[PDB]
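Written below as structure tokens is the structure these notes are about.
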Amino acid sequence: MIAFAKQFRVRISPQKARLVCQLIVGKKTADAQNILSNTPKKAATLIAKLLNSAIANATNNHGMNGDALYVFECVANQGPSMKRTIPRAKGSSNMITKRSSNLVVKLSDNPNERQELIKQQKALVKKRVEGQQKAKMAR
Amino acid sequence: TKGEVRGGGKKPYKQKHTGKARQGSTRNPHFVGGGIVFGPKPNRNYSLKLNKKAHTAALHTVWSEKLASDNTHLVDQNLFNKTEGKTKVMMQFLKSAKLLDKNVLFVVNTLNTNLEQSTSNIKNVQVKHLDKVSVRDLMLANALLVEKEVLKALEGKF
Amino acid sequence: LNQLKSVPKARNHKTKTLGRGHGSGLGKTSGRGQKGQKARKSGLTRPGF
Amino acid sequence: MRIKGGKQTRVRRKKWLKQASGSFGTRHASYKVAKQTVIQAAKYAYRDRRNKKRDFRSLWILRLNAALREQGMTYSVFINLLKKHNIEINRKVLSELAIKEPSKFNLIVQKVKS
Amino acid sequence: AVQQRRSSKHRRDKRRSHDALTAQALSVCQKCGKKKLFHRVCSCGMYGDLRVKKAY
Amino acid sequence: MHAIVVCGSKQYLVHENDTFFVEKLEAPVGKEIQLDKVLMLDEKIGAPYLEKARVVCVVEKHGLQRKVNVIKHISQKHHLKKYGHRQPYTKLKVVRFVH
Amino acid sequence: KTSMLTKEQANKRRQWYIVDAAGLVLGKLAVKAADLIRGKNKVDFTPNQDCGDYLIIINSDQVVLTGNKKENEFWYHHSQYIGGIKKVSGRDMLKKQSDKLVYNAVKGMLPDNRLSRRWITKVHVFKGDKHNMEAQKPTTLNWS
RNA sequence: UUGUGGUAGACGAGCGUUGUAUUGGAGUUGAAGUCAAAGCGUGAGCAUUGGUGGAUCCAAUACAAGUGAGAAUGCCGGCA
RNA sequence: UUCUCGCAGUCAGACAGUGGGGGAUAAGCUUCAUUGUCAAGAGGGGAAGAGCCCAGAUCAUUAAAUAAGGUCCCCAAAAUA
RNA sequence: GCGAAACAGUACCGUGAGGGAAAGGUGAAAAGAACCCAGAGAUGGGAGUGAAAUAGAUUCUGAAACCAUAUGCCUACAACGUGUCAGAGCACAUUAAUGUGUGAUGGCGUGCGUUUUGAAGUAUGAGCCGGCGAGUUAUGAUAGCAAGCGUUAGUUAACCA
């Protein structure tokens, strides 16, 4: 399907983000929106904004039902994080990594969004072998 | 070179208590600072010694092999006057002799201004002097054109 | 010949490269032994020695 | 004049890493481990190329001897039936494949009786 | 204490396998509107059938 | 059917019109080539070989096996020898092996 | 080249046999059982596929043993605890798990593999004589 | 006929790259780089096609190398 | 395997049988000589082993005859008296 | 490549002397995303622009390691440098080929360079990826190979054009 919801480099630890979005993956919008609205983790509100924007875009831009959509896939793309120096005992310095990541989710409203990739790959191999055989057709 | 360094020769690290390499310098060639021990330098010979006997023998051999060629026809004084400082006549002559793609070279000794003025509209046209042309330009000439009177003198030049 | 097929008359000799390659050896060892100044830089002590 | 050493070296690393295929975890992502695995695999391939012939011969002898024992003799006896009189060029594997068509290797057994 | 060697990625997956989280309780507001969590006061500021506080 | 045929230095059991593989014979594809070094055909037994019985095969193809990349390396020593072996073969089947 | 050795694939066979070892030497019965399970006696043997045949033994408490091995050979079992070893004599084992001793001896005579774990569980040795494993109709015989 | 175990060590003969010199070609109907493939070699290697990509590259002959990267707790950057 | 030129490399060798010495006929010990192995050469047997026993391997082959060594099973192969 | 491709002897360090870094790339021209939607907005999704927006200002190309994801394979009794040769089974149809992907299991099996009397070693060093990263040059001599010249030989240095 369509109506993915990207987000560029929000401050978040990817470790917790993966777990929370694997908890939220699979289910539909409302039955998951209510549960994420009560998530004790702090990341949920940031993801909540993204999912509300995603369903709004799906309804407005794409005209889909929105109710039958569900989280097909979660990925938390790690972006260039921050590195900061903190003094430490015995005269040392330590480089602590302030972690941020790119958050984006996929919405599906069908028994599909998996086969079409296979068809595209098969077509790619088909044109590859067509070119190979056209080269072999030289006389 | 290694004389391009900047700073002291002090050790950046400690003699002991170092769990790293030796690293006794600051701008090592294996380090980012550079300074490779080897590299091109503007002081080599770029030339060597050769003998005139072999040079003359080879030059005479090239003269023979080019006299054996077809498009090496004679040149004289009359067509020097018959040609002018205009590039038109040269191109007409080249077209009438299908010397367009040919690398034909011209031989000049009277130093006529008309000849040297021309031969600049194509990458294959140029003129050279008898004592100013060597074996390469003689054979890269690709069936050049040569004067008439000087050849007998050139016979003495081997 | 000409400058499209020029070849020598068997005027081409081997070059013992001491820095590169392993198929002919000629690498780390570089034919200098395994020990001593002869196996180290600025070797070849004075001929009168 | 200087030459950059990126393209050909990169292609060399590419082909060497592609030589290693069918490995677990951190074994197809580094030059050193891939090269070591390739060399060990080649040595194993040669050693197994011989040991497969040895093992096939051993299994052929085992099942041929089993067939002789159910027919009522040992492996050494059958050798005498051939070597000592009218030696045949029959293969142990082929005599073993004769099991796939039974009551025919038994014709050979009764033929070589002496 | 430092490891003998760096931990493998599959060992990391084993470490985080039991670290997996579960869901939490949910309950429809018997008097207020949208869903809430079990044994909680709704966004309408009340316990089930127990108006005690303003919604906002 | 059943027939033991000695190709090269190895024996193969074959039946009526079976496409199988041997060492390459260096022959054009499509011809008929006869072999007499044949034993154990048509339920007949001979000690070294058999007479009056021959096999007649047809050549279908000449190919190669995979790249046998034999690489020999000795630990802690300056020796690493690489090689890649491609060994020819012939795929062929028997047509009218006489008995 | 190759002769393309034909071998059975995805095939299963497990027959049932039974004997009585009253006064019989352990070693011969053990090696015969090893042959039966490993499938050496078979002529279509395939290692990575089904090999064994279901095996049952009745009245394994009357085994014979030459010499004084009842008081010469001793069997030991040391636990992971310190000094956690117990030692038993041959005559004592005659009233103890000698059937399990036969089990251990024959599994020791089998090649070491995870199939041997599945090979040996097919052996049902009983000190007594009555059991419901006879419902599979074992073939009564001798020299199994 | 001898043959092809192989250290240091030595002889023999090649491959690839950058640029130059001649000579030739190809190129938005598509150049390099790039990844992918279940190709071809006694080897350094050689290609074809797909798509990212959008501007020069390649064939053969020689010429000179800052000409060939697994180690040096090699150097830097990034990632664990 | 005489001789000329060129590159060498090398005086950290070890071990086994045999003649020894020292040591204590003790040494996985040391120092001399002979033969052999490894270094500088993989494998088979001795259960595992650098030096023990066979020998010197281009590669491929689902062949055999054998060598040292073995035929109750694990692990291919025998029994007769 | 001047340390400096720029606001480079800059930032920064050290009181001071002194030491001393890195980093370039939009599009033909900003024609630089009007406007709408989610939100507080950055932003994200549409529309439009432009040939083209995987050309949207993190704006030439975007490799490897690293991380997330899913097609299929198999696995929770398994003693293993994680591999090799066979091998069922599972899923497909391929740089057209006795095809691949994967491998329940069987057969076997203790890494790389250095140093050496020997290193699978409880000797040494390597977290990893990418890039950089060490036999050149001048002068002189000796020897080999090839060529030219020569029978009163060969050869020009500096220098002149």
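Cβ: placed from backbone, ideal geometry, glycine included. Neighbour counts: every protein chain shown. No value in this document is a laboratory result; all are computed from the given coordinates.
Hand me the list of helices (runs of 4 or more DSSP H) wholly inside region G:85-144 holding 3 or more residues that are more than 16 Å from RNA strand I (Cβ to nearest atom).
Numbers: elements: G:90-93, G:98-108, G:114-120.
The qualifying helices (runs of 4 or more DSSP H) are G:90-93, G:98-108.
Can you name the condition, by its number, that F:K93 falls short on among (1) farther than 24 Å from D:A45 by Cα; (2) free of Cβ contacts under 8 Å to residues at least 24 places away in the same chain; (3) in a strand (DSSP E or B); (4) not small (G, A, S)?
(2)
Can you tell me which of (1) in a helix (DSSP H, G or I); (2) under 30 Å from B:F38 (Cβ atoms); (3) more than 9 Å from RNA strand J (Cβ to nearest atom) is the one D:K32 doesn't meet?
Failed condition: (3).
Does C:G48 satisfy the criteria of being more than 30 Å from B:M139 (Cα to Cα) and within 9 Å of RNA strand H (Cβ to nearest atom)? So that I can check it myself, show each step before the final result.
Values: more than 30 Å from B:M139 (Cα to Cα): yes; within 9 Å of RNA strand H (Cβ to nearest atom): no.
No; evaluated as a whole, the condition is false for this residue.
Just one of B:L111, B:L50 is at negative phi and either assigned to a loop (DSSP other than H, G, I, E, B) or within 23 Å of the chain's Cα centre (by Cα) (or both); which is it? So that I can check it myself, show each step before the final result.
Values: B:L111 fails: at negative phi.
The match here is B:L50.
Restricting to region F:1-36, what's the tally of residues that are surrounded by 15 or more Cβ atoms within 10 Å (Cβ to Cβ) and over 17 Å from D:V93 (Cβ atoms)? Spell out the reasoning first.
Taking region F:1-36 as the starting set, the residues that turn out to be surrounded by 15 or more Cβ atoms within 10 Å (Cβ to Cβ) are F:2-7, F:11-14, F:20-22, F:24-25, F:35.
Within this subset, residues satisfying the condition of being over 17 Å from D:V93 (Cβ atoms) are F:24-25, F:35.
Of the residues in that region, 3 qualify.
Restricting the search to region A:19-37, which residues are without any contact (Cβ under 8 Å) to a residue 12 or more places away in the chain and surrounded by fewer than 18 Cβ atoms within 10 Å (Cβ to Cβ)?
Of everything in region A:19-37, those that are without any contact (Cβ under 8 Å) to a residue 12 or more places away in the chain and surrounded by fewer than 18 Cβ atoms within 10 Å (Cβ to Cβ) turn out to be A:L19, A:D31, A:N34, A:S37.
Given the criterion closer than 18 Å to B:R136 by Cα, among the β-branched types (V, I, T) and surrounded by 10 or more Cβ atoms within 10 Å (Cβ to Cβ), identify the matching residue among B:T83, B:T26, B:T61. Lay out the reasoning, then the answer.
On the way: B:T83 fails: closer than 18 Å to B:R136 by Cα; B:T26 fails: closer than 18 Å to B:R136 by Cα.
Only one candidate qualifies: B:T61.
Working only within region G:1-36, note down all residues that are more than 10 Å from chain D (Cβ to nearest Cβ) and within 10 Å of RNA strand I (Cβ to nearest atom).
Those that are more than 10 Å from chain D (Cβ to nearest Cβ) and within 10 Å of RNA strand I (Cβ to nearest atom): G:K1, G:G27, G:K28, G:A30, G:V31, G:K32, G:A33, G:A34.
Checking D:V38 against (1) assigned to a helix (DSSP H, G or I); (2) more than 14 Å from chain F (Cβ to nearest Cβ); (3) in contact with a helix residue (DSSP H, G or I) (Cβ under 9 Å, 6 or more places away or on another chain); (4) without any contact (Cβ under 8 Å) to a residue 24 or more places away in the chain, which single condition isn't satisfied?
(2)
Just to check your reading of the model, which residue among G:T121, G:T46 is surrounded by fewer than 17 Cβ atoms within 10 Å (Cβ to Cβ), in contact with an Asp or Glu (Cβ under 6 Å, 6 or more places away or on another chain) and closer than 30 Å to D:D55 by Cα? Don't jump to the end; show me each part of the working.
Numbers: G:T121 fails: in contact with an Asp or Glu (Cβ under 6 Å, 6 or more places away or on another chain).
Step by step, each of G:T121, G:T46 is checked, and only G:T46 is surrounded by fewer than 17 Cβ atoms within 10 Å (Cβ to Cβ), in contact with an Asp or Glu (Cβ under 6 Å, 6 or more places away or on another chain) and closer than 30 Å to D:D55 by Cα.
As an exercise: evaluate F:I4 against (1) in a loop (DSSP other than H, G, I, E, B); (2) within 13 Å of chain D (Cβ to nearest Cβ) and give the number of the one condition it does not meet.
If we test F:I4 against (1) in a loop (DSSP other than H, G, I, E, B); (2) within 13 Å of chain D (Cβ to nearest Cβ), just (1) comes out false.
Name the residue that is nearest to the other protein chains (Cβ to nearest Cβ), counting only residues in region D:41-93 that are assigned to a loop (DSSP other than H, G, I, E, B) and surrounded by fewer than 14 Cβ atoms within 10 Å (Cβ to Cβ). Working first, answer last.
Start the filter on region D:41-93 by keeping residues that are assigned to a loop (DSSP other than H, G, I, E, B), which leaves D:72-74, D:84-91.
Remaining after also requiring surrounded by fewer than 14 Cβ atoms within 10 Å (Cβ to Cβ): D:72, D:74, D:84-85, D:87.
Details: D:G72: 13, D:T74: 13, D:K84: 12, D:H85: 9, D:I87: 6 Å.
Ranking the qualifying residues of region D:41-93, first place goes to D:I87.
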